[PDB]
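Hydrogens, waters and symmetry mates play no part in the numbers below; they use all other heavy atoms, side chains included. First the proteins, then the strands, lettered A, B, ... as listed; each starts at 1.
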Amino acid sequence: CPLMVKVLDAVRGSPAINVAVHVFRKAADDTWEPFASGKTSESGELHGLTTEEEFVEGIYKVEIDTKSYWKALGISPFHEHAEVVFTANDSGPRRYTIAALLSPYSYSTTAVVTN
Amino acid sequence: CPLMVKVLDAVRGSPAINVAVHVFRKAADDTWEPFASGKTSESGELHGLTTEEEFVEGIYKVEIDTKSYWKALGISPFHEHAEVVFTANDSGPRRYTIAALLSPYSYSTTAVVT
Amino acid sequence: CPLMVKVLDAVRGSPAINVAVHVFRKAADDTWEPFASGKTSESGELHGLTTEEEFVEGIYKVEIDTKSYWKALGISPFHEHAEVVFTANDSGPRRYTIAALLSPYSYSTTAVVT
Amino acid sequence: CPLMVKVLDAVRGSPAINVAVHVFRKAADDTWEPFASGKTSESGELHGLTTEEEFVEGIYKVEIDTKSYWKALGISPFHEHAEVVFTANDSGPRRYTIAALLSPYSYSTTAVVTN
Ligand SMILES: Oc1c(Cl)cc(-c2ccc(Cl)c(Cl)c2Cl)cc1Cl
Ligand SMILES: Oc1c(Cl)cc(-c2ccc(Cl)c(Cl)c2Cl)cc1Cl
């Protein structure tokens, strides 16, 4: 599992459950093509987005649909979504964990990259 | 000044200076049009991006070129850039401050709307 | 102004106003002595805590009463307060800005030393 | 396992390994008494600090020795340590995960609290 997303809710002190996540890969022309998508589980995690074989070198965008999340909670948040754009696997296969911490007007994102 | 950006460096404990910032507005056809751009100053701030007249309701993207910033410091960064996408909503008089706190493998962004 | 505190509210996207802040210096015998205190202003800032003459090298603790802040907003917080403990080091002319970004179950603090 | 600590390094994009963590409990007089201590593992996690039986209601302070961590890496950091002070178990036993994200001049801490 080379690409994992973990999302926490800083207002409730809990995992952010059912957050939609879309991943895109920058194509040979500089259009973002859809790559994978999913929703966080009860633990706020999203696994199984892709495989080592499919997860080739490139620039990827992970888009976390934070707006829908906060709206469903009755909070009107600032951001449309949180997005994380990174070059992946440019010197060999790595495992990427993209973690995000969400508040209505703020989010933080961190990457843990393992060999 | 309806839109201000402030960028801090969490590694050195200093403003992030000379960081390129590009602002885009979403156009009618799903597409991002250049709207404003600048480089953060010595205090890590960027002002005078736009005016109240010009800054109408819409979806905006603030793109902070964090990669070049870290590269200049000889530190290999994770992100291609930091992006902040938000709807400017205009109901009442509103100043938007977009602040980013930069680390090589992490960033945080917060909006202060006053 | 050698020491400044700024507190932001990540839930409402606003300065955190009227937040009590207490600053302590570590004394000779391992113990924390009151040093300065105040309440953040309408811009979520606290200035004039101390002077250059008084702010000597030492270990300082900045305690931000985040609990009362959230309680006033009817939101149950996790932390008793936020604490920031650092050595003031004085080598060269230095202003310390301590910024805190508050959420009910999380906070971030960063230091800007310029 | 009612109290867990997870520590990440935002400079290296990796878990923060071998970070010393001391936990204190506020005593019947308002002195912090030592409660538990340990070091983060290779995954940046610290488990087994305490048991449900021992982890009674009270105010706890988790102190993360960030200074030693950064010094061992040749970075001179700002903070002496990161500390998280919270009331625990005041309406029944909960499981607490204290997560911290470390940079030389900044850290963030979040709590995930589960039933
Ligand atoms: O800011 C944070 C961010 Cl963005 C993520 C985490 C975090 C907490 C628990 C886990 Cl298990 C992981 Cl992977 C992360 Cl990255 C913790 C903090 Cl304090
Ligand atoms: O995480 C933070 C972020 Cl994203 C921003 C700031 C911050 C520091 C100084 C200033 Cl002047 C401002 Cl407006 C901000 Cl929002 C402080 C922290 Cl701790």
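Applying the salt bridge (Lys or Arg N to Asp or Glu O under 4.0 Å) test to pairs two or more places apart or on separate chains, those with a residue in residues 33-48 of chain D are D:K6-D:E45. Identified under the ring-ring contact (aromatic ring centres under 6.0 Å, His included) test for residues 35-57 of chain C, with sequence neighbours left out: C:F35-C:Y60, C:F55-C:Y60, C:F55-C:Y96.
Rounding to the nearest 0.5 angstrom, the gap separating the CD1 atom in D:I59 from the CH2 atom in D:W32 is 6.0 Å. Atom CZ of B:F86 and atom NE2 of A:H81 lie 12.0 Å apart (nearest 0.5 Å). The CG atom of C:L102 sits 6.5 Å away from the CD1 atom of C:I64 when rounded to the nearest 0.5 Å. Here the straight-line distance linking atom CG of C:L3 with atom OG1 of C:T51 works out to 11.0 Å at 0.5 Å rounding.
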Please walk me through it: do A:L101 and D:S108 pass side-chain contact (heavy atoms from CB on, under 4.5 Å)? CA-CA 10 Å; A:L101 179 60; D:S108 188; 4.2 Å; yes
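The salt bridge (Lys or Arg N to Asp or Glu O under 4.0 Å) search around C:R95 returns none, not counting sequence neighbours. Under the salt bridge (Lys or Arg N to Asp or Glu O under 4.0 Å) criterion, A:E63 pairs with no residue, sequence neighbours left out. Partners of A:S76 by side-chain hydrogen bond (donor to acceptor under 3.5 Å, both in side chains), not counting sequence neighbours: none found. With sequence neighbours excluded, the residues that form a side-chain contact (heavy atoms from CB on, under 4.5 Å) with B:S37 are B:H22. Under the side-chain hydrogen bond (donor to acceptor under 3.5 Å, both in side chains) criterion, B:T114 pairs with no residue at all, not counting sequence neighbours. Remark: C:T109 engages no residue in a side-chain hydrogen bond (donor to acceptor under 3.5 Å, both in side chains) (not counting sequence neighbours). B:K26 pairs by the salt bridge (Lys or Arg N to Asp or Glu O under 4.0 Å) definition with nothing, not counting sequence neighbours. When the salt bridge (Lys or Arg N to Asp or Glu O under 4.0 Å) test is applied to D:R94, no partner is found at least two apart in sequence or on another chain. A:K61 pairs by the side-chain hydrogen bond (donor to acceptor under 3.5 Å, both in side chains) definition with nothing, not counting sequence neighbours.
One side chain, B:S106 or A:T110, offers a donor N or O that lies under 3.5 Å from an acceptor on the other. There is no side-chain donor-acceptor pair under 3.5 Å between A:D65 and A:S68. Using modelled atom types, one finds a donor on one side chain and an acceptor on the other under 3.5 Å when comparing D:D29 with D:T31.
Crowding of C:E52 atom CD: a count of heavy atoms from other residues, nucleotides or ligands under 6.0 Å not exceeding 12.
Using a 4.5 Å heavy-atom threshold, the side chains of B:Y107 and B:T66 count as separate. No side-chain heavy atom of C:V85 sits under 4.5 Å from any side-chain heavy atom of D:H79. Counting only heavy atoms from C-beta outward, the side chains of D:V112 and D:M4 never approach each other to under 4.5 Å. Between A:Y105 and A:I75 there is no side-chain heavy-atom pair separated by less than 4.5 Å. Side-chain contact between C:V62 and C:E83: absent, with no pair of heavy atoms (C-beta onward) separated by less than 4.5 Å.
Remark: side-chain polar atoms of B:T87 are not paired, donor with acceptor, to backbone N or O of B:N89 under 3.5 angstrom.
The two residues C:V56 and C:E53 make their nearest non-hydrogen contact at CG1-O, 3.9 Å. Minimum heavy-atom separation, B:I98 to B:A111: CD1-CB, 4.0 Å.
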Review item, side-chain donor-acceptor pairs of residues 7-17 of chain A, under 3.5 Å, at least two apart:
| unit_1 | atom_1 | unit_2 | atom_2 | d |
| --- | --- | --- | --- | --- |
| A:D9 | OD1 | A:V11 | N | 2.7 |
| A:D9 | OD1 | A:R12 | N | 2.9 |
| A:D9 | OD2 | A:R12 | NE | 3.1 |
| A:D9 | OD2 | A:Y69 | OH | 2.7 |
| A:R12 | NH2 | A:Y69 | OH | 3.2 |

